[PDB]
Amino acid sequence: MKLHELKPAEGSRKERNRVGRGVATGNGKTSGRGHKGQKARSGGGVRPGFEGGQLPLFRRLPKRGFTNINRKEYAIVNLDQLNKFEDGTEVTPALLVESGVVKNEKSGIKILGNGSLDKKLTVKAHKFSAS
Amino acid sequence: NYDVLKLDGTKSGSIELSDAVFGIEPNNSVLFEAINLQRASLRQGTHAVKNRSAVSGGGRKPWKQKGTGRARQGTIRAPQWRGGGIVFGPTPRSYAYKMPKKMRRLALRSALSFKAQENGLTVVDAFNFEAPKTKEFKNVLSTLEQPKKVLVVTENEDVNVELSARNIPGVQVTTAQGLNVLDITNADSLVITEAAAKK
Amino acid sequence: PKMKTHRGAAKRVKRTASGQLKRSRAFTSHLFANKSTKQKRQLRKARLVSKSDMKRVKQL
Amino acid sequence: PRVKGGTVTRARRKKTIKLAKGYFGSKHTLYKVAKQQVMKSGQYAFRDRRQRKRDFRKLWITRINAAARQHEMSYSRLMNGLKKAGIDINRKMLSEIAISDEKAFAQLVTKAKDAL
RNA sequence: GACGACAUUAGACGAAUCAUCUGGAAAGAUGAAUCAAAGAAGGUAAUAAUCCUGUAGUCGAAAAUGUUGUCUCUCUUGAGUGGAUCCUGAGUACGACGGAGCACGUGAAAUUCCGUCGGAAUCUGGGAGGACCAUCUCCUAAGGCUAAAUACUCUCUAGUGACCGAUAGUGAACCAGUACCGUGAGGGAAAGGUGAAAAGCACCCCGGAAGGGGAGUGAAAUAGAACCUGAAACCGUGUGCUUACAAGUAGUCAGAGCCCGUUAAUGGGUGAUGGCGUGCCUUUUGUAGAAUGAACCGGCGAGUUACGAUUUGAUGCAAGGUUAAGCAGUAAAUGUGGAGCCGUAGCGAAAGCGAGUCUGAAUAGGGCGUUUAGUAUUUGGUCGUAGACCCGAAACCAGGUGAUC
RNA sequence: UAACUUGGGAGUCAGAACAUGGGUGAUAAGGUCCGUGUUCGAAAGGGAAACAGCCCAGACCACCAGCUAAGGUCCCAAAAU
RNA sequence: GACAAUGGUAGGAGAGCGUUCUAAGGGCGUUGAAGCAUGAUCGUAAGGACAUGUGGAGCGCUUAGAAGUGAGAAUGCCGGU
Ligand SMILES: [Mg+2]
Ligand SMILES: [Mg+2]
Ligand SMILES: [Mg+2]
Ligand SMILES: [Mg+2]
Ligand SMILES: [Mg+2]
Ligand SMILES: [Mg+2]
Ligand SMILES: [O]
Ligand SMILES: [O]
């Protein structure tokens, strides 16, 4: 490129469709005929004139919790945890480990909360722990 | 790979150049969108226009609605009427968008490859002086349009901008529009490793 | 502005590119049929997800 | 950057009006009227080409029958005489023949009359 | 209240070129030369780094102002222990009643304020911790002051524009809030350009004058003041062809006669005569339509923009991806900046459990989830919020102007 | 040779005539209301004197070529007194 | 080289022309720019060159970017006739 040679990609640009022009543009009226192409141009969000969108309230939502990490890692060997956010999670409100196809490599562990299948594996590997 | 540093017209010891900066096999698409990202940013939005609202004018109905024999009109200021407003006028904007951190680096490295693709030169400059003598320096033949890449702050060569066609940054910011205009660049031996390592 | 969610979202809850429901008729006149009175399941408005969106998308 | 829309309009309108040379009254000076009259013209051409083909087929047939009434061979006896003879040509050559030379036409009718 | 430095209100210096052709005139072409901390810009008889103003840089203030500094200048005790006894803001806080406001509509409705009315305590005290009691934790009203960070620009200085260039842009480029209209509040215009220089037509002639023909100024006066360029409508003068038995949405097709010669090719101008043929848009079940709009022509003039969602295409990364504000930086892509956001595991109203959960007596049966590709930026399509394709109402409300009819 | 799913985008909700089975109406309506099918609407051209819907037939452009469809062959007006 | 399709309003999809400006490159211009006028020319279209006259100083071209981007009709505004 010396700024007199440029040729960008294929499918990075297009026409813009100016409307209010032409007759042979494929436009000229652009919506209906007297119908409701007026300026406001709304049926009003979502509404047909009646009330099929009204169903019961089946709810509550208080505070909540944990993240996830599967047991599927083969990154570390013996490098017990809460050190890390690199090859696991970035954020932690409350940490928790789970299943996800087995870890045959033997590491310890350092965790809040624990899954059951995870427990019975990591005990058959090096360690189980709960803090 | 390697280039031959030199001094005023005499060869000197070779050097090493990363395959990843000056062998990055440039990418046109990235380079395109990069440059448009720059050339858009300089564009400031200082234009303006008056709609039918801000315009000093009227809501007075000049003639009443009906009984006339002429049309029905509400103001003497509207896009029709001479002196009226200008509907869907242009108004200021940011004229600036973003690209990721990495596509930038890929761009810089791409263009810098586009030089070494053909030829990009190197020198050791310690000339602390202030003059047009730096034009006689071009016995290296270093064709017209150029940057002259120094380390951070120099206050000697940068006052010599006044030549008809060149540039002279520090490496702290070297930009792919400052580059891609000129076809012949040069650089310092001290600093080429910086840009190479800094990417 | 950010776009405002329709706070009739308590009525419709997400799974995986879709919505979940409690069916409609309940909570007055429970005289009527036993089989009509087993109605705790899914509902949905399949084609009207086209209709009932870009107002409730933060939760979908 | 506002755009003075001038500098094209007039030129377009000249490229119309200068296809109005020979039209009557204010039809050869004014854009509007000459626009719409032009459009009528182009359409009329688009039916007139078809129309000339129809026409000259009529004309050639007329002249030809005007020839073969001389031997009182009405036009249809003849043509059927020609498809049976194992020969065939266009019209317009029967015309030009039977106009510029009579004898040739006579020999055609002999060649056809005897196949009936 | 004394006494120094810096900036501001006038300014100065400020490097460098000659010729030939064209020209009315060179700053252009042609050549050979020069300065650069100055090739920014504008003017100069046509397009100039080297002709002028100028810029880079440097210098400069008697007086006045403004901000800063050091001695004057003022003004000042600062902690600790012990806690016998006293003090820690009264018609207050709080409650009820009606109300407002707190994102919060009287709701279970805290916390804060208003009015009426009642009406506490004194550190072993009192208030809060979203009705209310308890334990725990934190804080101490009912008295007052407080720079910066921030929001705006009537105005000035210096600058800038993928801003306008006379129906645009301030309404206003000019003697404009003028002329004008109206009792009055108030509303509101149109109108730029000679040439390089006024050198702005001496003088003769007709003419009452105006105006003109001549002569001259000037490169050009068909640039001569209503003065650059000067289109179309419209109006004329002359002329090649044609037209006075003729029924015409006006053309097209065919075509003789008469004339002419091109951006030189199946030529151009006219057109006796015949065939064929009921305008344009809009709206409409359908319109030649006797349904609507347009007198002609010139100009003007209607899907835009931000923010956000969504999908489509591209592009970079990849089980990873990405920065926000802010800081430095040429009002700049370019570096920093890992709070935050998405995804990676879901189901259940929720506690919760977790590749299974929920429902359920059930391990049955079924709904959902399984089996990895996602994500940041962006062109386009669409939507929503903001007047949001344009023009168009009677009407409503607050404020004020008029009883000279 | 089309059919289905998903995703993006709309338009349309006033239909008319002809034939046909029917209701209503008076075995009236260029009527109205339904089913059935076509054409017009969004489709010119040839015929129906003339004509939105009837009849034949679906225009990419040009030719001074031909054969046919409906309907026609004395002049108008091409073609058999 | 064959084979087939190519009427079309609402409307959906696609490729395209020209204007103003910018950036870069390369070019024209008193030995007469732009605009204007005339013309029997090129291109499938929108459109563009060329010759000549007038005109008296700035303009094109290729690549790409952003647009106040196109006007025959509003009982449309203005101006002239
Ligand atoms: Mg109360
Ligand atoms: Mg009170
Ligand atoms: Mg003008
Ligand atoms: Mg139209
Ligand atoms: Mg009607
Ligand atoms: Mg008009
Ligand atoms: O209005
Ligand atoms: O309006």
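For this coordinate set, the PDB header names cryo-EM as the determination method and states a resolution of 3.8 Å.

Enquirer: Just to check I follow, could you spell out the protein's contact with RNA strand G for this structure?
Expert: In the neighbourhood of RNA strand G, 42 residues make up the surrounding shell, with A:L6, A:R21, B:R43, B:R70 and D:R12 lying closest. Close to the protein, within 4 Å, the atoms of RNA strand G are drawn from sugar and phosphate at a rate of 51%. Between A:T30 and RNA strand G, the recorded distance is 2.6 Å, taken from a backbone N or O atom to a phosphate oxygen. The separation between a phosphate oxygen of RNA strand G and a polar main-chain atom of D:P1 is 3.3 Å. Broken down by secondary-structure element, the contributors of at least two residues to the surface near RNA strand G are α1 (28–41) of chain B together with α1 (9–17) and α2 (31–68) of chain D. Counting residues per element, the surface near RNA strand G draws most heavily on α1(D), which supplies six residues. Residue composition of the surface near RNA strand G, by class: eight nonpolar, 11 polar and 23 charged.

Enquirer: Explain the packing of helix α4 (residues 93–100) of chain D against helix α5 (residues 102–113) of chain D to me, please; I cannot follow it from the model alone.
Expert: When two helices pack together, their arrangement is given by the angle between the helix axes and the distance between those axes. Residues and elements named next belong to chain D. For the pair α4 and α5, interaxial distance at closest approach is 5 Å and the crossing angle is 125°. Relative to α5, α4 is oriented oblique. Where α4 abuts α5, its residues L94, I97, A98 and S100 lie against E102, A104, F105 and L108. Looking at the contact of α4 with α5, its residues break down into six nonpolar, one polar and one charged.

Enquirer: What exactly am I supposed to notice about the interface of chain A and chain C here?
Expert: Taken together, the contact between chain A and chain C spans nine residues of the former and 11 residues of the latter. Summing the contributions of chain A and of chain C, the shared interface buries around 1,100 Å²; its carbon and sulfur component is 63%. When the area that chain A buries against chain C is broken down by residue, the three leading residues are A:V46, A:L55 and A:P56, summing to 53%. Across the contact surface, chain A and chain C share two residue pairs in polar contact.

Enquirer: How should I be thinking about helix α1 (residues 116–124) of chain A in this particular structure?
Expert: Residue pairs spaced three or four apart in an α-helix point in one direction, given the helix's 3.6 residues per turn. Residue and element names in this part refer to chain A. Of all the residues in α1, the buried ones are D118, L121 and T122. In an axial view of α1, the angular spread of the buried residues amounts to 90°, which keeps them on one side of the axis. Along α1, the residues that are exposed and aim more than 90 degrees away from the buried face are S116 and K124.

Enquirer: It is not clear to me how unusual backbone geometry should be interpreted in this structure. Could you clarify?
Expert: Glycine aside, negative phi is the norm for most residues, and most peptide bonds take the trans geometry. Within the chain, A:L82 stands out as a residue other than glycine whose phi angle is a positive 75°. For A:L82, the location among the structural elements is in the segment before α1.

Enquirer: Before we go on, may I ask you to explain the side chain of C:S18 in this structure?
Expert: Residues and elements named next belong to chain C. Structurally, the position occupied by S18 is in the loop between β1 (13–14) and β2 (19–20). Within polar-contact distance, the side chain of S18 engages the side chain of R44 at 2.9 Å. Not counting residues within four places of it along the chain, the set of residues in contact with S18 comprises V13, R44 and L60.

Enquirer: What's the story with the packing of aromatic side chains in this structure? I'm lost.
Expert: Any aromatic ring pair is given by two values, namely how distant the centres are and how the planes are angled relative to each other. Going through the model one piece at a time under the given rule, you end up with three aromatic pairs over all chains. For the ring pair B:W63 and B:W81, a centre distance of 6.2 Å and an interplane angle of 40° mean the geometry is tilted. Taken together, the residues B:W63 in the loop between α1 and α2 (101–116) and B:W81 in the loop between α1 and α2 connect sequence positions 18 residues apart. Geometrically, the ring pair formed by B:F127 and B:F137 is edge-to-face, given 6.0 Å between the ring centres and 85° between the ring planes. Remark: B:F137 occurs in the loop between α3 (133–136) and α4 (176–179) and B:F127 occurs in the loop between α2 and α3; sequence separation between them is 10 residues. Over the face of the ring belonging to D:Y31 we find D:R13, whose NZ or CZ atom lies 5.3 Å from the ring centre. In this structure, D:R50 is placed above the aromatic ring of D:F46, and the distance from its NZ or CZ to the ring centre is 4.8 Å.

Enquirer: Whenever I open this one, the packing of α2(D) against α4(D) confuses me. Can you help?
Expert: All names here are of chain D. Viewed as axis vectors pointing N to C, α2 and α4 meet at an angle of 45°, and their least axial separation amounts to 9 Å. Relative to α4, α2 is oriented oblique. For the crossing formed where α2 meets α4, the hand is left-handed. Taking contact as the criterion, the partners of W60, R63, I64 and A67 in α2 are, on α4, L94, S95, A98 and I99. Considered class by class, the residues forming the contact of α2 with α4 number six nonpolar, one polar and one charged.

Cut-off values and rules
Residues numbered from 1 in each chain as written, not as in the entry; some residues may be left out. Chains lettered and ligands numbered in written order. Part of a larger assembly, values for the part shown. Heavy atoms only, no water. Near = heavy atom within 4 Å. Polar contact = N/O pair within 3.5 Å; in protein donor to acceptor, adjacent residues only side chain to side chain. Helix = DSSP H or I, 4+ residues; strand = E, 2+ residues; numbered from the N terminus. Nonpolar A, V, L, I, M, F, W, Y, C, P; charged D, E, K, R; others polar. Axes fitted to C-alpha atoms, helices over the stretch in contact; angles between N-to-C directions. Parallel < 35°, antiparallel > 145°, perpendicular 65-115°, else oblique. Contact = heavy atoms within 4.5 Å. Buried area = accessible area lost by both parts, 1.4 Å probe. Buried < 20%, exposed > 50% of the residue type's maximum accessible area, 1.4 Å probe, protein only. Arc of directions from axis to C-beta. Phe/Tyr/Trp six-rings, centres within 6.5 Å; stacked < 30°, edge-to-face > 60°. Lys NZ or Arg CZ within 6 Å of the ring centre and 35° of its normal. Left-handed = near helix turned anticlockwise from the far one by under 90°.

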